[PDB]
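As structure tokens, the structure follows; a few thoughts come after it.
Each reported figure results from applying straightforward, stated rules to the coordinates on display, with no laboratory input. Every residue, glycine among them, receives a Cβ derived from its backbone with ideal geometry; neighbour counts consider all protein chains shown.
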Amino acid sequence: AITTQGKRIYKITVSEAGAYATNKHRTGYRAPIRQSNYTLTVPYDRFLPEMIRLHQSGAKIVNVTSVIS
Amino acid sequence: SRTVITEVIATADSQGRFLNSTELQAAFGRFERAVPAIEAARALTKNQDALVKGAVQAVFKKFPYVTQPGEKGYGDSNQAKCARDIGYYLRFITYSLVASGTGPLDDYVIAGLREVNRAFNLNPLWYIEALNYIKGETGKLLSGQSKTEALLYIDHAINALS
Amino acid sequence: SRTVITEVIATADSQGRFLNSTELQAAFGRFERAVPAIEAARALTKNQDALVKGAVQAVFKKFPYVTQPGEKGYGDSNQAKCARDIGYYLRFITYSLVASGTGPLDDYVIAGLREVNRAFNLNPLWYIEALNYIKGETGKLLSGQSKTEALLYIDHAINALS
Amino acid sequence: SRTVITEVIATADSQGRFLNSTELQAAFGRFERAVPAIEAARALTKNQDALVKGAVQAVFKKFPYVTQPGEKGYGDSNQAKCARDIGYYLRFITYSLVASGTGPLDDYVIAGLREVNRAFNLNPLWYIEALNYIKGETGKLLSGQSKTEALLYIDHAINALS
Amino acid sequence: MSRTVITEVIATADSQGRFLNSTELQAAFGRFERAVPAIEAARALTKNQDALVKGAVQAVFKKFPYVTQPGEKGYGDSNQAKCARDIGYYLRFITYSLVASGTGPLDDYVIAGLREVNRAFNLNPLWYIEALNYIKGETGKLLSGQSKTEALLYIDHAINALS
Amino acid sequence: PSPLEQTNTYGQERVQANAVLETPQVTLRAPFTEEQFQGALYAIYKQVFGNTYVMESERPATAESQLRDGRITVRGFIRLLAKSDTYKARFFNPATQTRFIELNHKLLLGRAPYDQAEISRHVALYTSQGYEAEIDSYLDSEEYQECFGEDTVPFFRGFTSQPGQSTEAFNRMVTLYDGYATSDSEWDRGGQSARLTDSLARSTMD
Amino acid sequence: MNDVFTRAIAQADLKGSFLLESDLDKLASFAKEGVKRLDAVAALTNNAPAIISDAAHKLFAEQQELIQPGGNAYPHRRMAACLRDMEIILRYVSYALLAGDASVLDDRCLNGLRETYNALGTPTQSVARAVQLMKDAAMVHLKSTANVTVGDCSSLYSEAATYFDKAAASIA
Amino acid sequence: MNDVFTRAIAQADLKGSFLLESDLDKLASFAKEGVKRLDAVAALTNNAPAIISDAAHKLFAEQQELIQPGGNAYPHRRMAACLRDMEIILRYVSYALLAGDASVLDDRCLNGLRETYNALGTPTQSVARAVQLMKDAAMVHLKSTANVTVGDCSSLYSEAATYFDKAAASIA
Amino acid sequence: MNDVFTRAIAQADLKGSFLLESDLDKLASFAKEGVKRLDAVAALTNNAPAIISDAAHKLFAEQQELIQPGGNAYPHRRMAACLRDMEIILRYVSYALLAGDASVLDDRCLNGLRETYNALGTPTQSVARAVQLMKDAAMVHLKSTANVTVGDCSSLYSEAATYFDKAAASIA
Ligand SMILES: CCC1=C(C)/C(=C/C2=NC(=C\c3[nH]c(/C=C4/NC(=O)[C@H](C)[C@H]4CC)c(C)c3CCC(=O)O)/C(CCC(=O)O)=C2C)NC1=O
Ligand SMILES: CCC1=C(C)/C(=C/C2=NC(=C\c3[nH]c(/C=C4/NC(=O)[C@H](C)[C@H]4CC)c(C)c3CCC(=O)O)/C(CCC(=O)O)=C2C)NC1=O
Ligand SMILES: CCC1=C(C)/C(=C/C2=NC(=C\c3[nH]c(/C=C4\NC(=O)[C@H](C)[C@H]4CC)c(C)c3CCC(=O)O)/C(CCC(=O)O)=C2C)NC1=O
Ligand SMILES: CCC1=C(C)/C(=C/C2=NC(=C\c3[nH]c(/C=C4\NC(=O)[C@H](C)[C@H]4CC)c(C)c3CCC(=O)O)/C(CCC(=O)O)=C2C)NC1=O
Ligand SMILES: CCC1=C(C)/C(=C/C2=NC(=C\c3[nH]c(/C=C4\NC(=O)[C@H](C)[C@H]4CC)c(C)c3CCC(=O)O)/C(CCC(=O)O)=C2C)NC1=O
Ligand SMILES: CCC1=C(C)/C(=C/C2=NC(=C\c3[nH]c(/C=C4\NC(=O)[C@H](C)[C@H]4CC)c(C)c3CCC(=O)O)/C(CCC(=O)O)=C2C)NC1=O
Ligand SMILES: CCC1=C(C)/C(=C/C2=NC(=C\c3[nH]c(/C=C4\NC(=O)[C@H](C)[C@H]4CC)c(C)c3CCC(=O)O)/C(CCC(=O)O)=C2C)NC1=O
Ligand SMILES: CCC1=C(C)/C(=C/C2=NC(=C\c3[nH]c(/C=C4\NC(=O)[C@H](C)[C@H]4CC)c(C)c3CCC(=O)O)/C(CCC(=O)O)=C2C)NC1=O
Ligand SMILES: CCC1=C(C)/C(=C/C2=NC(=C\c3[nH]c(/C=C4\NC(=O)[C@H](C)[C@H]4CC)c(C)c3CCC(=O)O)/C(CCC(=O)O)=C2C)NC1=O
Ligand SMILES: CCC1=C(C)/C(=C/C2=NC(=C\c3[nH]c(/C=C4\NC(=O)[C@H](C)[C@H]4CC)c(C)c3CCC(=O)O)/C(CCC(=O)O)=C2C)NC1=O
């Protein structure tokens, strides 16, 4: 985090894809329904768990942008 | 800002379920309280200027050592700001009465209150005394119910300011 | 249990605040509508036997096929337990009227009714036409606001069964 | 409390790792800066009574009206409480200088002071004036490193007050 | 708290708040049918343990000649006894994982926390890697049919863990 | 009726947690004002800090301001809360690591630990990758993610059966919660001693 | 956590009979008295800073050790906790008042406060005296009839007194 | 948890020896009967709702005080929790049957039920009667030969009976 | 959590009076020798892998009951936990040495470790023996004066040995 390699936070735009919604229905609505598209800001170190978890959830990454560098 | 039906909307959307009775009786509560607040708003619209001026004179009264030269009460533009402040507070009070809720009052004055108060040496007790005096004259200005909910709403404004 | 009074007190406790206007206006609403609600509950408690037994008869008339030997509705104990269940429902509708909230229904009969119903292959419809019988009578036994609100609560009962 | 060595121990615990040259350098510099801070503690300790009396009378000079009857300052018990509070503050400032940090001061005055302020109407500006007088008074009681570090401690306390 | 196919199935079913569907039954059937070659391999390895351990000792000696001279970690009669004991326990746990139809025994017994053991005892994995290399070389004839590959899978997983 | 009377919620009040089961979860979804904001923060602070009262000076203004704008989810704000030094000072600093993990489970997951194997694994995780990784693991855990969601304030999900929860979780959290009045500061010696270790021990063997 | 009607329903279902006409009459009377009870609750809510402040003043006048060095409330953090505990108990008492019965306190507020205060080292009798003076100040404010429909709320005053009394008893 | 093969590996590790030939023999005996185990668990799972429903029928028939008001099944939410309890106990006994080692039932299920139902006020004797009724209802489908190859499985009957007896004596 | 300076300030607050000039001089003397203490703890941390290696080797040479199956540290995971246990013990002893007070070691390793090991079944006397061996290796490594100015550090040696003594007495 504090490290120069820990910095360079990147923003992520996330779309709750159709496959994501189909998986969500079978798993169950334990979270409130929000509009499929939403934005998010993620540091470098926890950048990985974000798209990993989106991959098990079935969603796909719209794009990636860098806050720093 | 919320009217009672506004938090009704918020909840009903939040659980993703239709309105049950309870919020509907709340809607009543609002409607049957609406009219007394309506003539309250009328009366306070009538009395505004005297309210402001008398409040200025009384806040000078109970705190005379701020009217002395060299502090906040001293200053022509200072007193003009006192007057405009009182006007704004009681106008938002009328707004809240019309809404039958504290919503506009909250999101228009209450947010960031304390830090503004000590960030400019504007004593909260000044506005506490001003609002208390306003209770003093509005006790006779309004009668019956309208007096009661006016008392309660400026009381809530004081409690947030206190 | 679960009441508008209890909703107020919990939604003030979990945030640790003292009560302000909106919820106490809702309390006015509750305390004013208590009297029509409580007299409606009184009347319902006054006429229970006809309601329950005629509801059982109405279920038979709307489902003759459950009466014959060899199916689940057949049996003296089965009719006794009919009357028991419908009496419970009338019970809890009266309770909800008394509480001026749909709480006790939700706490007792609405919590988990689906899986217990499919546990014994119970058809919720049977109870729905029992409620239809009940609304048919309360269209006569009550008058206006008490009638309106009893109809409201029983309608919510079907809706939950729906 | 939060001393430099204490926070180093805590952070070394955090990452589950031993100490390194950087934090030992921090402890080193703490050890050397202790000696001027130790002399500051001596100078403040030997002057504590004059410090307290001068601060109390400086606050009185700035706001003599507080001493008027019907106000917080009026009353021999009230003045004794003023002096006792200022003495507690000075003792905690000595503990801050000894501990080479704000740890004890933060924990033992700054934690939960504004609550009492609001409850008991104890204006921070009074203690701010007292600490400003202590600043001016230690400007001559201390010089060099000790004066600068005691000044930064007490103005940290002042900024926390405001 | 071992992880075997049936135990993993049970844990998954308990986690999901449900009973066992078709896939769990099919997996149980597969494990039950594969147990017979695994038991065959376990018995065959049990028969010839001494040859395996001795050949592993001499293979470790021949691969790295720089060891068994005095003045280093591996030289010593107690060191030799520890070599024999370690290789014996390795083959013990390999047989256990063969019988369990899962790597859980090996994982929990040795692979759990092995690396800090090595770095606290200067034990580079390469010696035991060569030991298991000789072990698979010997078992290349010891077993037959399914049992051969059943042993191969678990021993290869153990080697990869050692890597 | 029966000679022995069993009220509707009788189990809720005979067990120490009745209002806990009655108290609903709180979410922060759409733009809002200071009032229910302050309420939500008060609820969060009572939740995370085991009914330890946090001095008003200690709280972070920047984090709550960013949450107010909404750029950071409530999950991120909870991360920032846990990472704050006051969390360690109340919890991590005066208490042993087993007791620390028990407290961390009870607070940020609202449930008792399932088996001693979980405690052992999480102690190993802490030893191998520091303090902050344990909190990142809890708040990144799939169990929390599904049971609460991105916008849910943690609540005591014990006192209630959960999907795939150990039978001892109920007993441990009954022994561990012990009421609204229970505090877990550097005081009372109850937040320091690991009560749950004895119960976790019996689950290791059979 | 139950109010008057909810608990009435509670033992009603416990006995397995319908709500008798007498109990309905009691509840209807309560609701008729409802606006007075709400008036008392509003009076409690309004004067909360005043009552907390002045009650603290009498407490710390009649005891000094709590503010003395090393006293059970000596640090500012501990003083603030000392005051907010009384604020919380007052808020819960007002909760019970509007709820008509003392269920809320026994349910959550005071079920296990005694062990907490032993563990914290707080003396119980001091807390009891603080609650008692809180009660006295609340009574004083409620007796005031300014800007309210005059009448007889003697039941309400006595009932809030019973609240505070059993709260102090639960402290012990 | 700790299955039968896990149990064998556990004892082998504890005494530090290899598998004996008799150990491989008994584990092969377990391996060959796995088909019968699959049949048994399929029978239990498929008939589970019917079994639990009729078992609850005999339950509430035999003890009529539980259902009626003041009983622990009355408020009809407790009924839902009761059905959940029957299904979960049958679920863990099916788990234990599949694993062949009663460790999973003892640890994951029966460790805390005793204190749990003390804290819940449930008559535990009733729950023991319940699980006994479960085994009575389930042995029907157990000896059912519909749609499957016929064969004596007396060991499976006895093992299921012992599992249910363990559960009963546990909650007893 | 608390060090010598914090502990002294705590006593000063307990009596409510300023720090005594004598105790201020004591703290000044402690700070003057702080460079020697920092050197001691640095010698601890560089030799910490060496200290733990030596202690583990000698303990395993003298005790063999753990390396065999059924030993408390027999599996790789168990003995790895053992190794990190001694590692953390030494780490907390070093932390106490930095602080000069045993409060932090009490807060971390000595509040409830005993019953923790009892539940785990860990024999405490083995832990105490490991503490003694680490203490011997540490006094050996710090009594050397490599690349650092020589001086009288017998006070630091005594303090570290006594910290190990309190740790050992706590565990066993
Ligand atoms: C769970 C079952 C188990 C395993 C897997 C095991 C391996 C093992 N071998 C050890 C020591 C040892 N092991 C060896 C064997 C070495 N000699 C060399 O030829 C080779 C590199 C290698 C074998 C081919 C030696 C020499 C030592 C002594 C290390 C020392 O004390 O310096 C140790 C450290 C314990 C001690 O020092 O007494 C372990 C844990 N022990 C077990 O109880
Ligand atoms: C912050 C204070 C503190 C520390 C550092 C601590 C260490 C610690 N040791 C543990 C178990 C253990 N501790 C040991 C150590 C034993 N091995 C040998 O045989 C000796 C008899 C002895 C060491 C000389 C072992 C082997 C285990 C694993 C228990 C098992 O799996 O059977 C555990 C719980 C399970 C785990 O983490 O895997 C902890 C937390 N506990 C604390 O409360
Ligand atoms: C809190 C209020 C409450 C509810 C909601 C409730 C649902 C309920 N109704 C029951 C009796 C029952 N009730 C019915 C259905 C009635 N009888 C049939 O003749 C008609 C078709 C129908 C009337 C329209 C049946 C079929 C059972 C028992 C199931 C059985 O024995 O087969 C049972 C016990 C099941 C049994 O004894 O086997 C429950 C849990 N119980 C309650 O105490
Ligand atoms: C950590 C140690 C500690 C301190 C320092 C502390 C301050 C403190 N001073 C108090 C009283 C007081 N404090 C003051 C001092 C202020 N009022 C003004 O008049 C002065 C201009 C100004 C002084 C600069 C006075 C006059 C009183 C008595 C009247 C009152 O309660 O406001 C009180 C209220 C309780 C009481 O004594 O009756 C507190 C909490 N409390 C603590 O636990
Ligand atoms: C953490 C404890 C610490 C502090 C607080 C610190 C400040 C500090 N700056 C110093 C010299 C100085 N400080 C300044 C900066 C100041 N002078 C200029 O007029 C500006 C108005 C102003 C900058 C805003 C300068 C220019 C010097 C002399 C240059 C030199 O360092 O040789 C001195 C030596 C004189 C003395 O004994 O007071 C101190 C202590 N050093 C420390 O180790
Ligand atoms: C890990 C698997 C698991 C088990 C073993 C389990 C037992 C269990 N049953 C419970 C409640 C209950 N359980 C029952 C059922 C019993 N009472 C009646 O007398 C019946 C005869 C009898 C059914 C066998 C009832 C009625 C309750 C509600 C008690 C209350 O709310 O006061 C509870 C409290 C929380 C809840 O589940 O709602 C547990 C933990 N729960 C689990 O998640
Ligand atoms: C559910 C409602 C509720 C209760 C029941 C409650 C009791 C309570 N009192 C606490 C501390 C305290 N409570 C008091 C108050 C008492 N001690 C003094 O001696 C006085 C005699 C007396 C007040 C008049 C004090 C002084 C502390 C400070 C102890 C400490 O936290 O270190 C704490 C720890 C909270 C924290 O700081 O994180 C709790 C939970 N708090 C609540 O939110
Ligand atoms: C939105 C908030 C709101 C409030 C709070 C409010 C007060 C209020 N007080 C009322 C009557 C009353 N109020 C009171 C209570 C007061 N009298 C004395 O006893 C006490 C000093 C004091 C109790 C704290 C009494 C006794 C009555 C007359 C009812 C009766 O005699 O039965 C009524 C009913 C109409 C009336 O008779 O005036 C209202 C609406 N109105 C509002 O719109
Ligand atoms: C997909 C999961 C799966 C299932 C469901 C399964 C059942 C199954 N059981 C079989 C043989 C058998 N199944 C059973 C068990 C049954 N016979 C007994 O009489 C009882 C009624 C009952 C056990 C309580 C028996 C005894 C055999 C004959 C095997 C032998 O010689 O012992 C067979 C081989 C015959 C065929 O394919 O038609 C299957 C497929 N196998 C599977 O892989
Ligand atoms: C990054 C942390 C750090 C280190 C490591 C460090 C080493 C260090 N040790 C010093 C003195 C010293 N260091 C020691 C300690 C050593 N001598 C004894 O023989 C022991 C074997 C051993 C400690 C166990 C002693 C006794 C002195 C002499 C005291 C003095 O010079 O005032 C000095 C002062 C050199 C001088 O005054 O000319 C330094 C810089 N300084 C630091 O800021």
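How many residues does segment H:1-29 contain that are in contact (Cβ under 8 Å) with a residue 12 or more places away in the chain and over 13 Å from residue H:100 (Cβ atoms)?
Within segment H:1-29, residues that are in contact (Cβ under 8 Å) with a residue 12 or more places away in the chain and over 13 Å from residue H:100 (Cβ atoms) number 1.
Return the only residue of C:75, C:101, C:87 being more than 26 Å from residue H:83 (Cβ to Cβ) and more than 16 Å from ligand 6 (Cβ to nearest atom).
When all the criteria are applied, what remains is C:101.
Within segment H:138-168, count every residue that is in contact (Cβ under 8 Å) with a residue 40 or more places away in the chain and more than 16 Å from ligand 9 (Cβ to nearest atom).
Total satisfying the criteria: 3.
If I filter segment F:171-188 for residues that are more than 23 Å from residue F:123 (Cβ to Cβ) and part of a helix (DSSP H, G or I), do I get at least one hit?
yes
Restricting to segment A:1-60, give me the number of residues that are part of a helix (DSSP H, G or I), among the β-branched types (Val, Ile, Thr) and in contact (Cβ under 8 Å) with a residue 24 or more places away in the chain.
1
Limited to segment F:4-52, what total is found for residues that are facing another protein chain (nearest Cβ under 7 Å), among the hydroxyl-bearing types (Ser, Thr, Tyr) and either within 16 Å of ligand 4 (Cβ to nearest atom) or free of Cβ contacts under 8 Å to residues at least 60 places away in the same chain (or both)?
Going through segment F:4-52 one residue at a time, the tally reaches 4.
Would you check if residue I:80 is of a type in the set (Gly, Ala, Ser) and closer than 30 Å to residue I:149 by Cβ?
no
Any idea which of I:26, I:15 is within 14 Å of chain G (Cβ to nearest Cβ), among the basic types (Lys, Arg), out of contact with any helix residue (DSSP H, G or I) (no Cβ under 6 Å at 6 or more places or on another chain) and away from ligand 7 (no atom under 16 Å from the Cβ)?
The match here is I:15.
Taking the conditions exactly as written (in contact with a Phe, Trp or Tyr (Cβ under 6 Å, 6 or more places away or on another chain), crowded, with 18+ Cβ neighbours inside 10 Å and not small (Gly, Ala, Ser)), does residue F:28 satisfy them or not?
Answer is no for this residue.
Could you list, in sequence order, the residues of segment F:92-109 that are assigned to a loop (DSSP other than H, G, I, E, B) and within 12 Å of chain I (Cβ to nearest Cβ)?
Matches in segment F:92-109: F:93, F:94, F:95, F:96.
Quick check on residue F:56: is it assigned to a loop (DSSP other than H, G, I, E, B) and away from chain C (no Cβ under 14 Å)?
Criteria not met by residue F:56.
Of all the residues that make up segment H:1-46, how many are in a helix (DSSP H, G or I) and over 30 Å from residue H:79 (Cβ atoms)?
Final tally of qualifying residues: 30.
Check segment C:59-73 and report whether any residue there is away from ligand 4 (no atom under 16 Å from the Cβ), within 14 Å of chain H (Cβ to nearest Cβ) and either of a type outside the set (D, E, K, R) or in contact with a strand residue (DSSP E or B) (Cβ under 8 Å, 6 or more places away or on another chain) (or both).
The answer is no, given that none of the residues of segment C:59-73 is away from ligand 4 (no atom under 16 Å from the Cβ), within 14 Å of chain H (Cβ to nearest Cβ) and either of a type outside the set (D, E, K, R) or in contact with a strand residue (DSSP E or B) (Cβ under 8 Å, 6 or more places away or on another chain) (or both).
Only residues that are within 10 Å of another protein chain (Cβ to nearest Cβ), farther than 14 Å from residue E:149 by Cα and in contact (Cβ under 8 Å) with a residue 40 or more places away in the chain: list them for segment E:19-58, please.
Answer for segment E:19-58, where residues must be within 10 Å of another protein chain (Cβ to nearest Cβ), farther than 14 Å from residue E:149 by Cα and in contact (Cβ under 8 Å) with a residue 40 or more places away in the chain: E:31, E:46, E:49.
Of the numbered conditions (1) closer than 30 Å to residue G:38 by Cβ; (2) surrounded by 20 or more Cβ atoms within 10 Å (Cβ to Cβ), residue C:52 fails exactly one; give the number of that condition.
So the condition that residue C:52 fails would be (1).
Hey, could you check segment F:59-87 for residues that are of a type in the set (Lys, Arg) and out of contact with any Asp or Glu (no Cβ under 9 Å at 6 or more places or on another chain) and say which is farthest from the other protein chains (Cβ to nearest Cβ)?
F:59
Return the residues of segment C:68-84 that are within 9 Å of ligand 3 (Cβ to nearest atom) and either aliphatic (A, V, I, L, M) or surrounded by fewer than 17 Cβ atoms within 10 Å (Cβ to Cβ) (or both); say none if nothing qualifies.
Within segment C:68-84, C:72, C:74, C:75, C:77, C:78, C:79, C:80, C:81, C:83, C:84 meet the criteria.
For segment G:117-129, give me each residue that is more than 14 Å from every other protein chain (Cβ to nearest Cβ) and either within 16 Å of ligand 2 (Cβ to nearest atom) or of a type outside the set (D, E, K, R) (or both).
G:123, G:125, G:126, G:128
Return the residues of segment H:46-60 that are within 9 Å of another protein chain (Cβ to nearest Cβ) and over 18 Å from the mean Cα position of the chain (by Cα); say none if nothing qualifies.
Correct list: H:57 only.
Which count do you get for residues in segment C:137-147 that are under 14 Å from residue C:93 (Cβ atoms) and exposed (fewer than 15 other Cβ atoms within 10 Å of the Cβ)?
Residues meeting the conditions: 0.
Among F:112, F:17, F:89, F:40, which is the only one that is buried (at least 19 other Cβ atoms within 10 Å of the Cβ), part of a helix (DSSP H, G or I), more than 16 Å from ligand 9 (Cβ to nearest atom) and among the small types (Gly, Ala, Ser)?
Sole residue among the options that is buried (at least 19 other Cβ atoms within 10 Å of the Cβ), part of a helix (DSSP H, G or I), more than 16 Å from ligand 9 (Cβ to nearest atom) and among the small types (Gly, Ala, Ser): F:40.
Being more than 14 Å from chain A (Cβ to nearest Cβ), closer than 30 Å to residue H:104 by Cβ and of a type outside the set (A, V, I, L, M) narrows it down to one residue among F:175, F:182; which is it?
Testing whether each residue is more than 14 Å from chain A (Cβ to nearest Cβ), closer than 30 Å to residue H:104 by Cβ and of a type outside the set (A, V, I, L, M) leaves just F:175.
Could you please find all residues in segment D:92-106 being assigned to a helix (DSSP H, G or I) and either more than 21 Å from residue I:99 (Cβ to Cβ) or more than 16 Å from ligand 7 (Cβ to nearest atom) (or both)?
Matches in segment D:92-106: D:92, D:93, D:94, D:95, D:96, D:97, D:98, D:99, D:103, D:105.
For the structure I just gave you, tell me whether residue I:103 is away from chain E (no Cβ under 14 Å), farther than 25 Å from residue F:200 by Cα and within 16 Å of ligand 10 (Cβ to nearest atom).
It is false that residue I:103 is away from chain E (no Cβ under 14 Å), farther than 25 Å from residue F:200 by Cα and within 16 Å of ligand 10 (Cβ to nearest atom).
Counting only residues that are more than 9 Å from every other protein chain (Cβ to nearest Cβ) and touching a residue at least 60 places away in the same chain (Cβ under 8 Å), how many does segment F:150-172 have?
Count: 7.
Filter segment F:115-140 down to residues that are within 19 Å of residue E:2 (Cα to Cα), more than 14 Å from chain D (Cβ to nearest Cβ) and buried (at least 18 other Cβ atoms within 10 Å of the Cβ) and give me whichever is farthest from ligand 2 (Cβ to nearest atom).
Filtering first and then ranking leaves F:115.
If you scan segment H:67-85, which residues turn out to be within 24 Å of the chain's Cα centre (by Cα), at the interface with another protein chain (Cβ under 7 Å from one of its Cβ atoms) and of a type in the set (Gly, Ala, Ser)?
Result: H:80, single match.
Considering only residues that are within 16 Å of ligand 6 (Cβ to nearest atom) and free of Cβ contacts under 8 Å to residues at least 24 places away in the same chain, which ones fall in segment F:107-146?
Hit for segment F:107-146 is F:118, nothing else.
Looking at C:74, C:65, C:89, can you tell me which residue is over 25 Å from residue B:28 (Cα atoms), aromatic (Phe, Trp, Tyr) and outside any helix (DSSP H, G or I)?
Only one candidate passes the filter, namely C:74.
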